[PDB]
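Everything on this sheet refers to the single structure shown next.
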2 protein chains.
Amino acid sequence: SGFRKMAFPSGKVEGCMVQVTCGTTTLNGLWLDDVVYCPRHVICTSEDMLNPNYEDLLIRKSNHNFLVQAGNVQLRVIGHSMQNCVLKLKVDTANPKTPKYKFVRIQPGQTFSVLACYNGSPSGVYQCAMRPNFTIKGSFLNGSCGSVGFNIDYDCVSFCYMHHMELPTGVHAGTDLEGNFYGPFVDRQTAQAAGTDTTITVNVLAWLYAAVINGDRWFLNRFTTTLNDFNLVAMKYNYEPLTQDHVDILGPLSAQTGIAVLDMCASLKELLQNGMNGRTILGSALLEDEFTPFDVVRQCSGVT
Amino acid sequence: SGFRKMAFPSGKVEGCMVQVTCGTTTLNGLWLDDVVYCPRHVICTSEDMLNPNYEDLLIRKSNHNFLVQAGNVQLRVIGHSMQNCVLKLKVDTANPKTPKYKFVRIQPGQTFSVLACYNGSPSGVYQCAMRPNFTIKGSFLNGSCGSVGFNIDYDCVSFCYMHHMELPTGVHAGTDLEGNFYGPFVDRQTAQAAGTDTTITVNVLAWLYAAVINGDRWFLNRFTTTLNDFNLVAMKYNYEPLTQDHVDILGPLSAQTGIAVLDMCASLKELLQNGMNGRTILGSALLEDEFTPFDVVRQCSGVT
Ligand SMILES: Cc1ccc(NC(=O)Nc2cccnc2)s1
Ligand SMILES: Cc1ccc(NC(=O)Nc2cccnc2)s1
């Protein structure tokens, strides 16, 4: 028992982290096979970032201008190309530590592990969620760009995120491994304000199920609700609407605990309307929305 | 910016995880050099655990009865010995992935990363703290015993914990890598109740400094306090007494933010006396005590 914000083991991703330097800017790159992926803003100065024309800036760069270093050995760059907001640097050596991998584009509400890196050296791993406004609340400093988000399915790493920028509000924006930003963000130092950060309702419900499984049941009430009634209260509290798909996704948790999904919704509804009254759920004084239903089943069954 | 509960990269420790089976019980082992470390309760049945005599149970075991498996290859056990509550199984092959390592015995309040394992396969990594009552609040299921806690200093892994048991209250107990339990716990299925779980005051203060650095300053007040006055309030709230050593340890954070330690204590004192009033600090509705001052400096400077 016990429930923790758990990240995937990072070893498979550590073996892929390299340092990419272009001129005076050094950031992280992802080395899979003979390609190094990194944010295209590696070719910009702090000034260029105000209004960069990446195709024009790129014309002044040659293969030898991108310095790729894995550990302490230099990789030879034999080609370079821009795919949306990421650069793909073709090296002459395939990464001997390349795990089985996929590039995936996740949905808001989905969670992933982040391996925070600096100078191609991993320094920490934490679990994150793609927010409904397509931002992430990470812990990234200058030098962390190119740090990646991933999920592991037994031995295959699905890379879903690459860190690109910090918005004025302290939140983070990045792309999938094809260079496309999550949300409406652009890699330019301009007024980009994130939208409403709504709570991922289905994730909260899954975490309420994890609490029940782990012994915290004080919030279980004698009430029930409908999807429409619950959603009225959810909208008022800036919670994402719950769909029949979410109810279905919660099915295995509903089955394990014997608590119907709609009954758990009524419990959540009272927690919203009345607060925690100074109490904690799984050691938390707020409703946690960074565990998917899949994460709760995984942690509660020990999926390796 | 941004502040997350960050664990060390687990790759160096993944390369050390093996499966140890003795009879019908399978748990995790730590393979460093030619020795496999694991909880001595691998030799017990569910029944033996009521009142085990480990020296007597051990007399019935031979080298060939301990099955050690790394990945999918079997390791040959050429010797076995008991050191306190851990078994050291001498294998004929040194682990080629043995990192530079140390066995350390941490103090309560110290934090560490846990690589939760099942059948010698790592399944998740999270950050933990050794509680002042020598328990840990982990996320461990059956099969997780032998999962280890560690800290990394650049390339040297300091192993500080090995998971052994879950108490009736859902909390966890384990040993350092020399077999000695943290706290008064014993590896026996008996009434073992943990003591008062007090809040690690110096860790809370460090996290208040991290909040200031990351923009959350609403809790900064116009007051100051003394160590004796603050400690009067701290005792009342089941907070550990703050010593001059803790004030000194906070010095670099006090210096970075320009907020004296005693002023931060007065801010904490009002948070204790008045609550959060429905507000959050670093996205948390309670006072977080699982970041040391060293963890805050590390995360805020990007120590790789
Ligand atoms: C619009 C932008 C262009 C380049 C940008 N660079 C960053 O945001 N870097 C950074 C710093 C601190 C934390 N995380 C990331 S922002
Ligand atoms: C006194 C004891 C002897 C053997 C014990 N085995 C465990 O506690 N195992 C376990 C199960 C779930 C979670 N973590 C650990 S307890």
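Note that ligands are numbered from 1 as they come in the structure, with each ligand's atoms numbered from 1 the same way. Quick note on labels: first sequence line is chain A, next is B, and so on, each numbered from 1.
Salt bridge absent: A:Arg40 and A:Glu55 never bring a charged side-chain N and a carboxylate O closer than 4.0 Å.
Residue B:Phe112 forms a ring-ring contact (aromatic ring centres under 6.0 Å, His included) with just one option from B:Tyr182, B:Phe150, B:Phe294, B:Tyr161, and that option is B:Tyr161.
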Show me the short polar-atom pairs for ligand 2: any N or O of it lying under 3.5 Å from a protein N or O, with distances only.
| unit_1 | atom_1 | unit_2 | atom_2 | d |
| --- | --- | --- | --- | --- |
| ligand 2 | 8 (O) | B:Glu166 | N | 2.9 |
| ligand 2 | 14 (N) | B:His163 | NE2 | 3.1 |

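Under the salt bridge (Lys or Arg N to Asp or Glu O under 4.0 Å) criterion, B:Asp176 pairs with B:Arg105, sequence neighbours left out.
For B:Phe103 and B:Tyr37, the distance between ring centers is under 6.0 angstrom.
For the pair A:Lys5 and A:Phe291, the cation-pi criterion (under 6.0 Å, within 45° of the ring axis) is fulfilled.
Side-chain atoms of B:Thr111 and B:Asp295 form a donor-acceptor pair, as typed in the model, at a separation below 3.5 Å.
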